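> show me how the following folds:
(chains A, B, C, D, E and F)
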Amino acid sequence: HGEXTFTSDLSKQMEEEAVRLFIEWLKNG
Amino acid sequence: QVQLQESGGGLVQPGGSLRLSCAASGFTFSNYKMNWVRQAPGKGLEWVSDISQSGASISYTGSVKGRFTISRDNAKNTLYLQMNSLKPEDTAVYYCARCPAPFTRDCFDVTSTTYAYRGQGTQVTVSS
Amino acid sequence: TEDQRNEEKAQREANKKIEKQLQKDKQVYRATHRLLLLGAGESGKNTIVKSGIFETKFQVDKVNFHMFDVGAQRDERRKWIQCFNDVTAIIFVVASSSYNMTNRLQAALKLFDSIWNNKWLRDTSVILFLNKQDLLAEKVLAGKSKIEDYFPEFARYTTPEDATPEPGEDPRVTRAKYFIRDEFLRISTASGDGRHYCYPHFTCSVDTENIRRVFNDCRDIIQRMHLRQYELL
Amino acid sequence: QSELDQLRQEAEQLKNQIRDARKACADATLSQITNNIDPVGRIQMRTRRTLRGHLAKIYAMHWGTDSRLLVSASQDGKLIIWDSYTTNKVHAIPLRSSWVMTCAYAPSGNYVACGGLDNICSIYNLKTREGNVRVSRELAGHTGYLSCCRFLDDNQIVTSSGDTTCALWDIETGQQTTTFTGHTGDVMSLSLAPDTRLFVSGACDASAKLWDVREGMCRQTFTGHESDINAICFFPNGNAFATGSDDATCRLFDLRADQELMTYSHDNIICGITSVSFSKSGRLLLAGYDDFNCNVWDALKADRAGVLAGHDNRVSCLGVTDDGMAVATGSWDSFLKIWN
Amino acid sequence: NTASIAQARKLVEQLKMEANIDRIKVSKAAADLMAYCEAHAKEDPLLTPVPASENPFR
Amino acid sequence: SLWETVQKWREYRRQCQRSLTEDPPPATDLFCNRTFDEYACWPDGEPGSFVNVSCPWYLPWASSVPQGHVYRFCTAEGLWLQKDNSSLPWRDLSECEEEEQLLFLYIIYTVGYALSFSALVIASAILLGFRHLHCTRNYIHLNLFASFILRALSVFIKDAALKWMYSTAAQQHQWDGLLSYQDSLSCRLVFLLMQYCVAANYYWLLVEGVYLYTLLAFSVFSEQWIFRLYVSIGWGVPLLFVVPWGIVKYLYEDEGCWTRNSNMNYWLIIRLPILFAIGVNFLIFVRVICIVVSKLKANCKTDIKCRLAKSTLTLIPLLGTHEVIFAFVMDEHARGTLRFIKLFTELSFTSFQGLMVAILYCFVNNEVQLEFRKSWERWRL
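Numbering: from 1, shown residues only, chains lettered A, B, ... in the order given. Here you go, the structure:
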């Protein structure tokens, strides 16, 4: 259904953004 | 009480004209739908014509259509049946019947063998 | 108040037992369709069937039908007709061939009109049985009796396009049948408004499909009511 | 016929004489005598109970003499005796004929009677010898539907029928002992006098007749209504009665003055009355209507006092308890409501 | 017909029987009704709503 | 995943610490002051020359790209070129370096679900308040209203939980705290409840359709018996595939608070029954429209089309047949703009479906308006 798929897509995007930001955190210290 | 007198019936030649009047008393005339019924000699009662409360909706039986006209005067509490072309088959006692209830479209028992709110009737004889 | 509590418990038990019986009574009542068989005694109504009221129970397609006809009652109907406001349908039986012998068909027409416009019957559908077609056929074919004598409209009337006459049926017979049907239909359509409906049927008193016609008309009535409740119709 | 014509002329003369006698006895009207009486004010009655359990519409109900138990008749072929105090069902009698139009509770409380389109008044004994309510007696003399029935006592009951007659029955022998004839229309209702020596009946000829129970003759005939009379009820005094008619009016008739006392009508009311009943004191006239409401009327004045506006369909019956505590209304929505 | 003449005779007989009765004045009957309503006002629960203490339905 | 990268980076840091303990230069006093940077581990290179170090493998993309190497230049004195006008080690990470639609969708269905929830609680109050409206049809409508309300509430709760799952404090604990809201069991039950509410709403739309299709063409039945069966179908049946889905998610693929459908086979445990309900309800819709058009034909032509359109439009929210348009467009195949249109139409129609159902079956209902008029009339008297 639509809700499931939308939540999965949003969670995947948020996971990728969090990974990128954590990598950015390592650069600063 | 609810009382109805018919007048004007009498002997008339075939093809002649006659007028029936119905004097009503004991009820509000304008709230009721009126009827005309006749009883042929030795045979049952048959509905002839009726007129609505305001005098707008008028219906006739097929046999008299185009010959009889029904009229009411609310001010004078009088019902009329003007006759134009009589036939020997029109010989019957003509009763002025009233619908049982006011402000009602339906009208059930005006042709019953024993029905109140119906006058004594006037005899119309057509012969030569 | 111990005796009061005991009698209250007994009363509550009796009420529970009565309601338990009333549940199954309700189940039986809702599964049954009630029909008022109304018509003149000379209209073939009695032959269709085979105290002030007679009851006959017949089951069609595992559906229970309860049809009541009028017994020892006076001809004044405006009071006891109100008892049948909640019936599934009123089966009206009319003698089609009796258009000359008293204007009997005109009296049936007036009775149908007063039924249609009664305030308490405004939600009740009418299954119309224009009975005695095998007599109307011979009446029209013989030509000794003219419908135009009692209904001047029959001169200018033309057979409707949607007519579906049976094979081997004379055009005059079909025109007479459809004129008689259209009189009742003209009464029906004046004040229908979708609250109740009429189901004309050309019928003979010996027809074996009459129960099937009643079943189909009742099923249509129930479906229309259910669709009205959902505001689909 | 000259004989018929002269008989009708003589009847007209007698009617005229009665009319002038009644006019001579009409020195003043009840409305202009009760001017100085203070109005009853606004009567605000509330629904105290709602009895549910009937599958179809209710035609009749009748209070018990104890003002607690009432019986109701429904077109689903059920007689239910209710305990109005606790709303519990005491009995649920299945009816042989589903088309019941009247029900009566015996003053002794040991019997109920019902009848309808089957033309039969069936007597059930509530004080069952074995435990189950059964048919005690079937009265099968009428040739028209029963519209009302009232016990005079055990072993005596008066019924009104659609064959334009009222009858008095002996329940033990199941035979009519007296037949009351004279009405030209269906007799729709009857009301017993408090002493049970007389009873009035309203018929579909727009007339009401006062009968002598001991002597089957008719004593007085009351006119003034314009359409069928659906309901009738004695004044608690016993010297007057009220009628409900399809002409959307209620009227009060005095026995000794032999004429109408006053009319209870409103311009906004255009529907007939199905049931009438007086309060314990007779100061209020309660009338059920086709427009789903009950109107409470000042009896001595013409003022409408209040309205009972709870029912969702036609109000078919109402009755007031013997002690005057509560009024119950049956309706075509299959509910009985108790009002205080 | 014999049926109609018989019912006409019955109607005439009934009207004769009802015509010869004694009728009191309408004012007197109204006064008696007013007196009964006044003398029983305090015994009518519907006229004067009794408090909930002695109502079996409140 | 953030978690796996966290342990990969910490094991890389442990390896760097071990290598610093076993430093290749035994403190020659000429080697560069090698330090363990937070991003990459660099040893002591030759003083006065640039040193190239491969980018660390814990990066999700640089693991498969060993070509990108971070080059740092060290002076003969052990120092590095100043960065940002400060004494900071030199670093060159350019060699291994590497939303609006979803926000709009979120706004749209949040607004729609809020309006639907408000209208549905008002409609439930109206239907329950009037005693004359109590019937099997209205009981099933009330159950459908409750299912829609529960779905909207679950959507609000899961959106809040998604916000909590990625709050700045929440990700803060991810690499150092090691315990956050994601590891909590309450986050799993939030999305399990969301799945159950969605399935229950779909099966209550199916129950609406089945009850209508039993009223039409299916004779008579024990009304009290079927109502219990209908309640069981509406509520209990979704438990028969949501709970096994939860068990499968717990045993296998237990990560991300059960929010991501990495394995579509496990995601088929919930989609297939919902698709079956949608298909059966679409067949019921077809049959009911056929019955309606036959009834209209039995009774002008241009008025028939308008009446048929009004009935079909009104029947769509009650049966939820708008899902049939994109129901068979599978997740695995929807990509690009097709996926966006599918998600947009589904979310926007479902969010406002509760509002439309409430309006159509409570507010414009003839019986409800009649009850309101009667109640107003009683107030005047």
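> quick one: the residue of chain A at minimum distance from chain F from chain B, how far?
Sorted by distance to chain F under C-beta to the nearest C-beta, the residues of chain A start with residue A:2, at 3.3 Å. No exception for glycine: its C-beta is placed from N, CA and C like everyone else's. To chain B, residue A:2 is 55 Å away according to C-beta to the nearest C-beta, to the nearest Å.
> now the nearest residue to residue D:141 once chain neighbours are set aside: which helix or strand?
Sequence neighbours aside, residue D:176 is the residue nearest to residue D:141 in space, at 4.9 Å (criterion: C-beta to C-beta, 6 or more residues apart in numbering or on different chains). Assigned by DSSP states H and E, residue D:176 belongs to strand D:175-180.
> got it, and residue A:10?
helix A:2-28.
> quick check: buried residues in that helix?
A:2-11, A:14-15, A:18-19, A:22-23, A:26 (16 or more other C-beta atoms under 10 Å in any protein chain shown).
> now do the residue of chain A closest to chain F against residue F:200, distance only.
To residue F:200, residue A:2 is 16 Å away according to C-beta to C-beta, to the nearest Å.
> residues touching residue D:296, list them.
Neighbour list for residue D:296: D:43, D:45, D:284, D:285, D:286, D:304, D:305, D:306, D:307, D:308 [criterion: C-beta atoms under 8 Å, 6 or more residues apart in numbering or on different chains].
> gap between the residue nearest to residue D:141 and residue D:156?
Residue D:176 is 11 Å from residue D:156, by C-beta to C-beta.
> okay, and the common contacts of the two?
In contact with both residue D:176 and residue D:156: D:168, D:169, D:170, using C-beta under 8 Å, 6+ apart.
> you'd agree residue C:212 is in a strand?
No. Residue C:212: not assigned to a strand; according to DSSP: H, G, I helix; E, B strand; the rest coil it is helix.
> got the contact list for it?
residue C:60.
> how far away is it from chain B?
In terms of C-beta to the nearest C-beta, residue C:212 sits 31 Å off from chain B.
> ok, now residue F:6?
Taken as C-beta to the nearest C-beta, the span from residue F:6 to chain B is 85 Å.
> that residue in helix, strand or coil?
Residue F:6 ends up helix, using three-state DSSP.
> where's the closest residue to it other than its chain neighbours relative to chain D, distance?
Nearest non-adjacent residue to residue F:6, counting by C-beta to C-beta, 6+ apart: residue F:175, 4.9 Å away. Separation of residue F:175 from chain D (C-beta to the nearest C-beta) stands at 67 Å.
> number of residues surrounding residue F:175?
Residue F:175 has 17 neighbours, counted by other C-beta atoms under 10 Å in any protein chain shown.
> could you tell me which residues make contact with the residue of the stretch 251-381 of chain F found nearest chain B?
Proximity to chain B, evaluated over the stretch 251-381 of chain F using C-beta to the nearest C-beta, is greatest for residue F:377 at 20.1 Å. Neighbouring residues of residue F:377 by C-beta under 8 Å, 6+ apart: residue D:309.
> the longest helix along chain F versus helix A:2-28: what angle between them?
The residue-count maximum for a helix in chain F (DSSP state H) belongs to helix F:264-298. Counting by axes from the mean of the first three to the mean of the last three C-alpha atoms, to 10 degrees, helix F:264-298 lies at 150 degrees to helix A:2-28.
> any idea where the helices of the stretch 251-381 of chain F begin and end?
F:264-298, F:301-319, F:324-327, F:336-358, F:366-380 (DSSP state H, counting those that start in this stretch).
> tell me what the first one is packed against?
So that's helix F:264-298. helix A:2-28, helix C:210-229, helix F:185-215, helix F:237-251, helix F:301-319, helix F:324-327 (3 or more C-beta pairs under 8 Å, 6 or more residues apart in numbering or on different chains; DSSP states H and E).
> what about these, which gets the closest to residue F:264?
helix A:2-28 (10.4 Å; C-beta to C-beta).
> give the other helices and strands that the closest one contacts.
Looks like helix A:2-28 contacts helix F:2-21, helix F:100-129, helix F:136-165, helix F:168-175, helix F:185-215, helix F:264-298, helix F:336-358 (3+ C-beta pairs under 8 Å, 6+ apart).
> hang on, the earlier thing: what's the closest of the helices of the stretch 251-381 of chain F to residue F:134?
Of all the helices of the stretch 251-381 of chain F, helix F:366-380 comes closest under C-beta to C-beta, at 11.4 Å.
> restricting to C-alpha, output the closest one in CSV.
C-alpha atoms of helix F:366-380 as CSV (Å, rounded to 0.1, in the frame of the first residue of the first chain):
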residue,chain,number,x,y,z
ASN,F,366,-31.2,12.7,4.1
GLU,F,367,-32.0,10.8,7.3
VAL,F,368,-29.5,12.8,9.3
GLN,F,369,-30.8,16.1,8.0
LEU,F,370,-34.3,15.0,8.8
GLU,F,371,-33.2,14.1,12.3
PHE,F,372,-31.6,17.5,12.7
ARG,F,373,-34.8,19.2,11.4
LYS,F,374,-36.9,17.2,13.8
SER,F,375,-34.6,18.0,16.7
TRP,F,376,-34.8,21.7,15.8
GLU,F,377,-38.6,21.4,15.7
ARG,F,378,-38.8,19.9,19.2
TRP,F,379,-36.7,22.8,20.5
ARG,F,380,-39.2,25.3,19.3
